[PDB]
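Same chain, two versions here, written out as structure tokens and called structure 1 and structure 2.
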Structure 1
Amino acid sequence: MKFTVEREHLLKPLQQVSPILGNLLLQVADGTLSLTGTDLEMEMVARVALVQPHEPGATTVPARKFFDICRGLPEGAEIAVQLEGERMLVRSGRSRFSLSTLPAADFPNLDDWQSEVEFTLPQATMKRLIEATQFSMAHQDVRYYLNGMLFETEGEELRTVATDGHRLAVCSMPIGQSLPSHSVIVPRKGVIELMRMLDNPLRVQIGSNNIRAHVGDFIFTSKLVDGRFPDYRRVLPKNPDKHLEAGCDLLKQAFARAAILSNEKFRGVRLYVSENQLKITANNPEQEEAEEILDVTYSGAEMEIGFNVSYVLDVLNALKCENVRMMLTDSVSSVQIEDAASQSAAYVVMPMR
């Protein structure tokens, strides 16, 4: 196995694919160097065209070390690689490295599988879908499926849903292709890696137990998560006909200040809603108190309601909105929150006692 490639053609591939699970599989075959990384749950494969003389073969080398060596070399460096016995030699200028290897034959593969559902979409649309909902995924819930993210196709829409039982996020985007009605749950790490590959359209293939994403010369494949993901349609309030609208940054900063004097564990704040006014209060066991009064647009009935302020702040930070709409039902029911100018994402938060 031999190849010579420009540093700059290796960096992003090495970054994307980065005992044998600590190694990268390198394969020179036909006109291409393939680099694969895996943790047994997911894998990333990068293809790099070899325009300089090369010789076929395969090995595995330590991922971090190989990446650090390449990125540590100067801009414009040419990197010559060749397998010598059981070592992999890396040479560039008068820099030389000899890395340990493990046999390519030992590198693990995911089980073979068939594509059942397929669609293409812009990278920007996938970024939007993930960033809109990722923060609402559970962390270490015994309901393992809540620790990942639902990807649902319905009509011509792709939708993401994330929830931890206390708050929920849902985002739907049109992708202009007739889709089957189908849903899958992508594990947390898979969502992270899928986001990290978005710098070229994205081609997605979904099987019974796997999802695959093709972007440029990268292919990401992940196992899916088993389980019954809750239906967001049963979580959206049926008729939250009290509508308050407010500036997103103004509201966020008021909540952020009140939060300072909220209970450190339970983070409770109280909202008092009245004609074109919102009052936010907070208190803690030290009997310290915060109060914020804000002008809003509200012409519904007066009510009060309590929330974990972190969940509300999380939503406002995700929206990056100009104005926000809060849609209320009563003091003991969830609230729905949206960008005042877009229905494409919605957020549901439980009240506190």
Structure 2
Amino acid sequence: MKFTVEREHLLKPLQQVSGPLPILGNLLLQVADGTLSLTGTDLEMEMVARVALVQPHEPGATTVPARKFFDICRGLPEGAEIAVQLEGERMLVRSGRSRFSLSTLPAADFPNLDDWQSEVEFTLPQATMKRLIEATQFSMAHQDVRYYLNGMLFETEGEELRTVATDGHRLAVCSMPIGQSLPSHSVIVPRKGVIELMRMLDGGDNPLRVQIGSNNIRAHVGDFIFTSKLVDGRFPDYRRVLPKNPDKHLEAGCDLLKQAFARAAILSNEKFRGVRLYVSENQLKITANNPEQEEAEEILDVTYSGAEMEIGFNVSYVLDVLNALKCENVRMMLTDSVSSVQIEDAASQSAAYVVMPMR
């Protein structure tokens, strides 16, 4: 295996394949068909990047330490050409009068996701996928014993792709049109897979091809291909989580609401930050207190219809939703003091959030 390539053409590939990250700490390099392919994996998912080779090259494959190789390439000057030469247990890297010998492990030892079969496929702009994940990812569970919640549901229905995330306490759901009729289908992508996928997608106008199998998902954009195993469990139905008949409706400025929550939380319990909402005619009062008997109170002029009520919320859950919305006005749909609330952008129905009350 031998190739020469511009540093500039390796930089983004190396960045992408380095997260998922003993051979799991290595990158797989393969020269074939005038292409350098770089692969990183953690056994559950894999990222592949391809780079065209113009300069003379020789086919072959090896694995090298990812961080060492990345740091070498990044550390070379802008404009550097990088020559690579496999020599048994070492891979030689040369650029100008900078020379490196890295230890190798065999390509044959590198874990390979087993072959699988695609069952549903579609293309959508990477920007749409990014929107769907950003709208919902914060509501995924982290290391719950309900293993099926440590990830995100991807659902196709009609002409929409929908994402759902929940940790049992709050839920986020977002649906986007993709311009083609799809079979009805749902799979759970593991949370680390979601985060890696999210990081693969930049700001560009770029078609993203998605292929979903029984046990795997794959996304292809430009010269990158991401593949993850799926989570094999039964995900809750968001339709049954949405409040069925809220009779109380609050509307307020997103940022005013956000800043009022954030201030009141200062004097909530540091270990478990919650605030009390008192809603009445045209007014919202948010209060907090802590074991030192310190107290905060915020009064806001708001749009409100319904009976007077008091209800508590975990601050981080509400702030997470308001931060995700990034909009002018927010709507809160309430039922009673012991039932979850729905929160949406007043000007958009593409996402919705359900939050259980606290206390």
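Residues are numbered by position in structure 1's sequence, first residue being 1. Think of the rigid core as the biggest set of C-alphas that the two forms share within 1.5 Å after superposition.
Undergrad: With the core superposed, find the residue in 58, 294, 290, 301 that moves its CA 2 Å or more between the two structures.
TA: So the only displaced C-alpha belongs to 301.
Undergrad: Rigid-core fit: what Cα movement does residue 310 have between the two structures, in Å to one decimal?
TA: Its C-alpha position differs by 1.5 Å.
Undergrad: Keeping the rigid core superposed, can you check how far the CA atom of residue 85 moves between the two structures, in angstrom?
TA: For residue 85, the alpha-carbon shift amounts to 2.4 Å.
Undergrad: How many Å does the Cα of residue 44 travel between the two structures when the structures are matched on their rigid core?
TA: Comparing between the two structures after core fitting, residue 44 shifts 0.7 Å at its C-alpha.
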